[PDB]
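Written out below as structure tokens is the structure these notes cover.
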Amino acid sequence: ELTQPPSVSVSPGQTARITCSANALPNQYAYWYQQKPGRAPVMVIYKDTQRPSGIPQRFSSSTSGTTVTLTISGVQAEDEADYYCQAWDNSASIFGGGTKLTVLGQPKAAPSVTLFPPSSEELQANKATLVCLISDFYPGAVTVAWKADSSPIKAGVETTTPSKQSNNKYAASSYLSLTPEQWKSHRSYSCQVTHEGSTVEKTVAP
Amino acid sequence: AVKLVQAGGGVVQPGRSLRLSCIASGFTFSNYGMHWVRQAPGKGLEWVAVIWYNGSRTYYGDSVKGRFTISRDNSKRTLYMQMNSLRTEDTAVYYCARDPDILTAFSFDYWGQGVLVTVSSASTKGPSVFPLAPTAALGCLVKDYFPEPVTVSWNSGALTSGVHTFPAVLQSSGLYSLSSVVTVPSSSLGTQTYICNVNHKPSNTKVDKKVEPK
């Protein structure tokens with residue numbers, strides 16, 4: 003019920019702003035949590051604007067209408083994490099979807115996409131999986147989309163979460179499962195990967 | 001300092017039950033409201049349940065109501081959760097967390113480490129290994153196995169340069185799938201043979217697949 007952007011990326015020393023919106027938020031107290039990879043969340047903001055003891059003075063939050071904003075002045079490398087707003091009412095806590103904050107440490111790099119059609123073996127098993135492998139992108143946030151001719155497909159898709167490679171760039175994979183009759187009833191299938199607002203696409207045909 | 005330690009995770013089948021616990025240290029447990037929160041792998045946080053400091057009332061999230069039961073033992077500093085009627089969708093890391101306000105803020109100031117619960121109906125199933133034929145990229149799709157892990161090598165271990173095996177994804181069937189891709193020279197597609205060697209020890213399955221150009 004709370005909307006936050008999927009990601010934000012900022013240079014070191016710049017100010018990062020992460021919004022959280024919902025129409026009920028005028029009537030609710032919002033809280034912000036930081037979660038670094040592998041670790042549990044830490045509360046960085048209590049009751050819309052109050053900073054807990056222990057939290058750096060560069061974190062602050064303000065309210066405007068149906069939107070509360072977490073501001074991190076002079077962002078440092080150590081602030082890179084996922085940030086979650088949370089609010090609720092008398093019966094429940096609700097969370098936004100989370101925002102990946104990347105503090106840019108190298109230049110942006112577009113993804114490399116390789117798409118594999120189902121093998122003959124698999125189709126012989128009355129089965130079909132297309133595999134889309136995505137590598138070498140930075141920041142590590144992408145939107146993956148599949149299309150059968152020009153129609154977006156949402157059913158049958160499994161996409162892994164981006165993870166760093168040695169090179170500090172990221173890699174991810176996505177799978178589309180289909181029946182053999184679905185594979186044969188289309189002229190082409192595409193894996194579309196969008197990163198920093200530009201799309202890379204690969205297509206296979208039956 | 002304040003310390004919250006969960007226990008009780010595991011792999012379990014739909015329809016069955018599981019009980020998680022959480023032991024608290026560093027504060028007077030009976031003065032604080034306590035929560036459970038969960039996080040599905042690669043997804044956001046979702047609140048599960050709260051119990052008042054004295055055990056007088058509990059409230060539950062819409063996706064777990066009627067199936068999960070929270071309780072506490074104030075003499076033993078322990079918080080419990082009884083999970084019944086488990087569904088695949090309940091697979092997640094479960095955290096216990098302390099509420100800051102005695103009157104219950106419904107927020108979380110201290111969090112434990114979390115414990116993973118995987119719910120699947122699958123029985124031991126070895127994978128179906130399929131070639132992903134073609143610098144060229146080629147690989148093997150290691151599909152539909154249970155449980156974890158699987159080991160993937162190239163050419164009986166002889167190849168390491170430019171091999172990338174991706175994390176397994178638990179699919180809606182409750183079976184896992186992963187891929188391993190190697191990036192090789194286009195000249196090699198004549199001079200060489202490439203085989204992924206897959207060993208799934210839980211089902212005693214070893215499969216070598218020859219990845220040939222099409």
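Chains as they are written, first to last, in the entry's author numbering: chain A, 3 to 208; chain B, 1 to 134, 143 to 222. Every residue, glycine too, gets a C-beta built ideally from N, C-alpha and C.
- A direct Cα-to-Cα measurement between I74/A and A83/A gives close to 12 Å.
- Assignment of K149/A by DSSP, reduced to helix, strand and coil, places it in the strand class.
- Counting only runs of 3 or more residues that sit fully inside the segment 52–127 of chain B, the beta strand (DSSP E) segments are 58–60, 68–73, 78–83, 92–98, 115–119, in chain order.
- Taking the Cα positions, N205/B is about 11 Å away from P131/B.
- The alpha carbon of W148/A has as its nearest neighbour, out of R19/A, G158/A, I57/A, the alpha carbon of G158/A.
- Membership of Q184/A in the alpha helix (DSSP H) is indicated by the continuous run 182–186.
- Our two residues, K151/B and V219/B, have alpha carbons roughly 16 Å apart in a direct line.
- Around the Cβ of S165/A, a 10 Å sphere holds fewer than 16 other Cβ atoms; the residue is exposed.
- Only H172, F174, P175, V177, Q179, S185, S187, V189 from the segment 160–191 of chain B bring a Cβ to less than 7 Å from some Cβ of chain A.
- Using a Cβ distance threshold of 9 Å, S9/A and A143/A count as a contacting pair.
- For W36/B and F27/B, the gap between their C-alpha atoms comes out near 18 Å.
- Rounded to the nearest whole angstrom, the CA to CA distance from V146/A to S62/A is 33 Å.
- Under the three-state reduction of DSSP, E160/A is assigned to strand.
- With a beta-carbon spacing of about 7 Å, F68/B and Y60/B fall inside the 8 Å limit used to define contacts.
- In this structure, DSSP gives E82/A a state outside helix and strand, which the three-state scheme calls coil.
- Relative to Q194/A, the option among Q30/A, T181/A, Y177/A, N128/A whose CA is nearest is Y177/A.
- Within the DSSP secondary-structure output, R38/B pairs in a beta bridge with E46/B, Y94/B.
- Interface annotation, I57/A: not in contact with chain B, CB-CB separation never under 9 Å.
- Residue contact check for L79/B against chain A: no CB pair falls below 9 Å.
- A Cβ-Cβ separation of about 10 Å leaves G98/A out of contact with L27/A under the 8 Å criterion.
- At a C-beta separation below 8 Å, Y59/B has these neighbours in chain A: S93, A94.
- Residue state for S13/A is assigned as coil, using DSSP reduced to three classes.
- Annotated three-state conformation of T143/B is coil, per DSSP.
- Short of 6 Å from the beta carbon of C134/A, and not among the five residues preceding or following it, lie these beta carbons of its own chain, in chain order: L117, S176, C193.
- In this structure, the straight-line span from the alpha carbon of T205/A to that of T191/B is close to 20 Å.
- Each of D101/B, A176/B, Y95/B, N163/B was checked against the Cα of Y202/B, and the nearest Cα belongs to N163/B.
- The straight-line gap separating the alpha-carbon atoms of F174/B and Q6/A is approximately 28 Å.
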